[PDB]
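Down below is the structure, laid out as structure tokens.
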Amino acid sequence: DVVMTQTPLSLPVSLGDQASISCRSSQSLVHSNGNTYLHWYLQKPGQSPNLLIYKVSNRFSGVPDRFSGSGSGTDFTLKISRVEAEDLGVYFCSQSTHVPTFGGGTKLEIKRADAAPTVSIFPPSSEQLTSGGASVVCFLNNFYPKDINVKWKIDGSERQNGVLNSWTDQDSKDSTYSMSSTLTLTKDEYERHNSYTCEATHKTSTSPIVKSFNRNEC
Amino acid sequence: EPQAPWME
Amino acid sequence: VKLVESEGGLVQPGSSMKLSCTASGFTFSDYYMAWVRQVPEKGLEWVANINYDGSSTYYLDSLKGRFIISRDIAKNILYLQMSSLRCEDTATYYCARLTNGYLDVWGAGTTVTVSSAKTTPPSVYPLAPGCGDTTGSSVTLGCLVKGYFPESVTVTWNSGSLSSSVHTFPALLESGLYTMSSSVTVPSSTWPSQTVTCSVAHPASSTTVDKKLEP
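As they're listed, the protein sequences go chains A, B and C.
So the first sequence is residues 1 to 218, counted in our numbering.
So the second sequence is residues 1001 to 1008, counted in our numbering.
So the third sequence is residues 2001 to 2215, counted in our numbering.
Here is the structure:
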């Protein structure tokens, strides 16, 4: 059972700079027939994998010369020169010399200047309330870096339980991320409190961004 | 010319 | 080019299902074919492959012969029969063309969910500014898609004609049902004067919900 170990797990790089990704195999990938069946694939956000490099160093049709694969035996490298934003995604190595297996992937992240989130809050819709549910939503849009914390307060008190946080992958259009934070309550609990607040801590600011509403004005 | 080398 | 997988969807544990994949644009019996699957958290796993005429196949050993890969050369179709499914078979399955040991064409992928739970369509709720908030030069609207099973849904805005400023957030499971959301931003002068509607398609329940956003 041949293990493919990729290094690093995530790689941040500036546009125009070079990225280098390592793939090691636990057994030599030189087949008895002399070929080395070591290949590289790229999976962009929301897409299927696509072939980038086959048999160590061969660029697939449509892949620019910026992408270069090298190595031998058990040690392989993918180098991407002059990184462009659309290069971002997960790079996987694969071997098919033996029973075929895949590396765990390396996520290429594009560096940009720190950008603050645009934060929006929404109360539960009357449609949802009509059904006994109450979700409060905060969208945090177009921020960088990806690390960000959202804290919900109900009548001033933090509520940890019932929160679903979901990040997008990185957008190649502007190298930013967005995330959705949803606090789901029952209508019963929702109607017993008035103040609903989402606070975003991100470091593009010293003080958290706060967005809030009062249920009675809604 | 294998196609599926490990099958060899 | 192109490989297109059949709809996957929900299957009860212990039950069986068959995926198909339709190939266009090449001499089908001139290429080996393969199935690969991807789980979140995570990793790709080779499932099976088949030679030109179908006389020789390879299978991931741990499948214990429960899966059968086959091809109809007269119809340009690749099949994966899957028997006695367990939760561990839940994944996105990709059809792929195999050449000299590498996969040089991949399908879009189709998800298969092995669960005893019932198919449930999405509830789709509007997300609009409320509560006496003021409004600037733009407005961010959204849709909250809650309570559905299995994955996946697709959300579009104005039948796809609004696309530039859209964010779609990955689904999360909670209490055995999925929740996801989508946001779009438009200039304030243009809403509500020029309507904005989110369309949510959920193949597993054969349902589409087209929710109009109101102030």
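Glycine residues also receive a C-beta, built at the ideal position from the N, C-alpha and C atoms.
ask   = From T2120 (chain C) to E2151 (chain C), what distance separates their C-alpha atoms?
value = Take the alpha-carbon of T2120 (chain C) and the one of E2151 (chain C): they are about 10 Å apart.
message = Quick check on DSSP: helix, strand or coil for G71 (chain A)?
response = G71 (chain A) falls in the strand class under three-state DSSP.
key: Rounded C-alpha distance that separates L129 (chain A) from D188 (chain A)   = About 10 Å.
message = Strictly by DSSP, which residues pair up with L42 (chain A)?
response = BP columns for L42 (chain A) point to A:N50, A:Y91.
inquiry  = Between the alpha carbons of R2086 (chain C) and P2013 (chain C), how many angstroms are there, rounded?
reply    = About 5 Å.
ask   = Does the beta-carbon distance from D2210 (chain C) to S2193 (chain C) come in below 7 Å?
value = Cβ atoms of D2210 (chain C) and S2193 (chain C): not closer than 7 Å.
query = What are the residues of the stretch 2120-2153 of chain C that lie near chain A, defined by any Cβ-Cβ distance shorter than 8 Å?
reply = Taking 8 Å as the upper bound on Cβ-Cβ separation, chain A lies near residues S2123, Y2125, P2126, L2127, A2128, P2129, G2130, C2131, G2132, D2133, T2140, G2142, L2144, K2146 of the stretch 2120-2153 of chain C.
key: Residues sharing a beta bridge with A115 (chain A), DSSP   = Note: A115 (chain A) sits in a beta bridge opposite A:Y144.
ask   = Nearest to residue 238 (chain A) by CA position, among A:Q95, A:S157, A:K146, is which residue?
value = Outside the shown range of chain A (1 to 218) lies residue 238 (chain A), about which nothing can therefore be said.
Cβ of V136 (chain A) within 7 Å of any chain B Cβ = No, its Cβ sits nowhere closer than 7 Å to a Cβ of chain B.
ask   = Any idea what DSSP makes of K203 (chain A), helix, strand or coil?
value = Reduced to three states, the DSSP call for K203 (chain A) is coil.
inquiry  = Check for me: the beta strand (DSSP E) holding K2212 (chain C) runs from which residue to which?
reply    = It spans 2207-2212 - the beta strand (DSSP E) in which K2212 (chain C) sits, taken as one unbroken run.
ask   = Looking at the unbroken beta strand (DSSP E) that takes in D188 (chain A), where does it start and where does it end?
value = Taken as a continuous stretch (DSSP letters only), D188 (chain A) belongs to no beta strand (DSSP E), being part of the alpha helix (DSSP H) at 187-190.
request  = Under 8 Å Cβ to Cβ from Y2059 (chain C), same chain only, skipping five residues before and after it: list those, please.
outcome  = Answer for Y2059 (chain C): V2047, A2048, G2065, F2067, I2069, listed in chain order.
ask   = Hey, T74 (chain A) and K55 (chain A) are a contact pair by Cβ (cut 8 Å); roughly how many whole angstroms apart?
value = In this structure, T74 (chain A) and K55 (chain A) do not form a Cβ contact; the two beta carbons are roughly 16 Å apart against a cut-off of 8 Å.
ask   = For a contact meaning CB atoms closer than 9 Å, what does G2101 (chain C) contact in chain B?
value = Near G2101 (chain C) (Cβ distances below 9 Å), the residues of chain B are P1002, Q1003, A1004, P1005, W1006.
Alpha-carbon spacing of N141 (chain A) relative to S28 (chain A), whole angstroms = When only Cα atoms are considered, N141 (chain A) and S28 (chain A) end up about 46 Å apart.
query = Where do the N-terminal and C-terminal ends of the beta strand (DSSP E) with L164 (chain A) fall, by residue?
reply = Its beta strand (DSSP E) spans residues 163-167.
message = Taking a contact to mean a Cβ-Cβ separation below 7 Å, would you say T2197 (chain C) touches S2165 (chain C) in this structure?
response = Cβ atoms of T2197 (chain C) and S2165 (chain C): not closer than 7 Å.
message = Strictly by DSSP, which residues pair up with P2187 (chain C)?
response = Paired residues: C:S2138.
Chain-ordered chain C contacts of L78 (chain A) [CB-CB under 9 Å] = Listed by position along chain C, the residues whose Cβ is nearer than 9 Å to that of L78 (chain A) form an empty set, because the closest Cβ is around 14 Å away.
query = At least one CB of chain A closer than 7 Å to the CB of residue 2239 (chain C): is that the case?
reply = This structure does not reach residue 2239 (chain C), given that chain C is present from 2001 up to 2215, and the question cannot be answered.
inquiry  = When you compare the CB positions of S14 (chain A) and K79 (chain A), do they come within less than 7 Å of one another, or not?
reply    = Contact: no.
ask   = Roughly how many angstroms separate the alpha carbons of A2034 (chain C) and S2183 (chain C), rounded to a whole number?
value = Here the alpha carbons of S2183 (chain C) and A2034 (chain C) stand approximately 37 Å from one another.
request  = Report the residue from C:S2015, C:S2056, C:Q2081 whose alpha carbon sits nearest the alpha carbon of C2021 (chain C).
outcome  = Cα-wise, what sits closest to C2021 (chain C) is C:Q2081.
Rounded distance between the beta-carbons of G103 (chain A) and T186 (chain A), thought under 8 Å = Not really, about 45 Å apart at Cβ, beyond 8 Å.
inquiry  = Contact between the stretch 202-217 of chain A and the stretch 168-184 of chain A is defined here as three or more beta-carbon pairs at a separation below 8 Å; is this criterion met?
reply    = Fewer than three beta-carbon pairs drawn from the stretch 202-217 of chain A and the stretch 168-184 of chain A are found closer than 8 Å, and the two stretches are therefore not classed as touching.
query = Can you list, in chain order, the residues of its chain whose CB lies under 6 Å from that of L164 (chain A), leaving out five sequence neighbours each side?
reply = Within the same chain, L164 (chain A) has close Cβ partners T182.
query = Which same chain residues, not among the five before or five after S2188 (chain C), have their C-beta less than 8 Å away from its C-beta?
reply = If we look at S2188 (chain C) and ignore the five residues flanking it on each side, its Cβ neighbours are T2135, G2136, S2137, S2138, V2139.
key: DSSP three-state assignment for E2174 (chain C), whether helix, strand or coil   = Note: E2174 (chain C) maps to strand in three-state DSSP.
query = Between the Cα of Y2125 (chain C) and the Cα atoms of C:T2111, C:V2114, C:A2117, C:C2143, which residue gives the shortest distance?
reply = Selected option, being the one with the closest Cα: C:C2143.
query = Going by beta carbon distance, what residues of the same chain come within less than 6 Å of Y190 (chain A), once the five residues before and after it are set aside?
reply = By the criterion of a C-beta distance shorter than 6 Å, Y190 (chain A) is surrounded in its chain by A134, once the five residues flanking it on both sides are discounted.
key: Neighbour list for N2051 (chain C) in chain B, Cβ cutoff strictly below 8 Å   = Ordered by position in chain B, the residues that pass the 8 Å Cβ test against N2051 (chain C) are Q1003, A1004.
inquiry  = Please list, in chain order, the residues of the stretch 18-47 of chain A that have any C-beta partner in chain B closer than 8 Å.
reply    = Those would be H31, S32, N33, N35, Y37, in chain order.
ask   = For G104 (chain A), which three-state DSSP category applies?
value = Here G104 (chain A) carries a coil assignment [DSSP, helix/strand/coil].
ask   = What's the call for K2212 (chain C), buried or exposed, on a 16-neighbour Cβ count within 10 Å?
value = Under this definition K2212 (chain C) is an exposed residue.
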